[PDB]
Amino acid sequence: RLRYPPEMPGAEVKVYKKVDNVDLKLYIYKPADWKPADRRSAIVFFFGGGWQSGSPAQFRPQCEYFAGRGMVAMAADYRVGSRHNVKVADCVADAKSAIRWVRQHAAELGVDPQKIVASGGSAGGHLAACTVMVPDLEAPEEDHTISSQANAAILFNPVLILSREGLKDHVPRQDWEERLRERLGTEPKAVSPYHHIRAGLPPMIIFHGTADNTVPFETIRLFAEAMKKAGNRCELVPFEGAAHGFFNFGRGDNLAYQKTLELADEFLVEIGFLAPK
């Protein structure tokens, strides 16, 4: 199972953020025949764990796959509640710092600063969505003239609704909702991707199980329908009968794992970030 600190063999380690004497690392998997002058697409994975735990090792298999396909793939560490005195808003700031750091260092990374993909699972899928559509929550001392907004997103059963304001439906109480409002660090709408749907957003694809008992599928369905209405490319792929975490390497018989990769691959080829196989 996953361990923290993680082991990322063959990954180049770079500190992307220094905050509260914590060195937050990116674990970078470069493709074959990589050179700094390249202008490759990049993907940054944010692990899940309810903004409380988790490990960058979670998306290590996906990093190796997309590095094999020609991307600069990386897994970001970020601060979480069980290890650091942080709230959800602090995690968002770390995720944005990671995107900004990749863009800022795009020339030394061999990366096209306009082809940076944010990706993640559950809380990490929420963070990835925040880097494409949730305003502000930036580290105060960073260069805000360097955008922290990713150019696409690939979300694995993310959390996308963190407030109940304006919603015309009932959303069931969840264990992880354990008055997380005390650990949000902002008014809930300010960390709720659903509440910042608007035209002109980067394209994304979302994988979600219809039997997810942690994040109800309907919240993601409602999100995708509202994003389509605003003109955005937001493809929701239901996994029928799948539970929370279905996509992970090792779950089931890696069928959903392989399936999400081939769908994510096709999505990246569609939007011109990846060459066909």
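One-based numbering along the sequence shown.
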query	finding
Absent coordinates for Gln174 in a third or more of other compared entries	yes
Mean temperature factor over C-alpha atoms, higher-scoring stretch between 56-64 and 247-255	247-255
Mean temperature factor over C-alpha atoms, higher-scoring stretch between 40-48 and 26-34	26-34
Most elevated Cα B-factor in the entry, residues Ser192, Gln174, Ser97, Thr131	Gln174
Residue selected from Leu155, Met71, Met74, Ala199 by maximal Cα B factor	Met71
Cα B factor band for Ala230 (lowest, middle or highest third within the chain)	middle
Chain-relative CA temperature factor third for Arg83	middle
B-factor third for the C-alpha atom of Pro188 within its chain	middle
Modelled-residue ranking by C-alpha temperature factor, third containing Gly166	highest
Record-listed C-alpha B factor of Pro135: chain third	middle
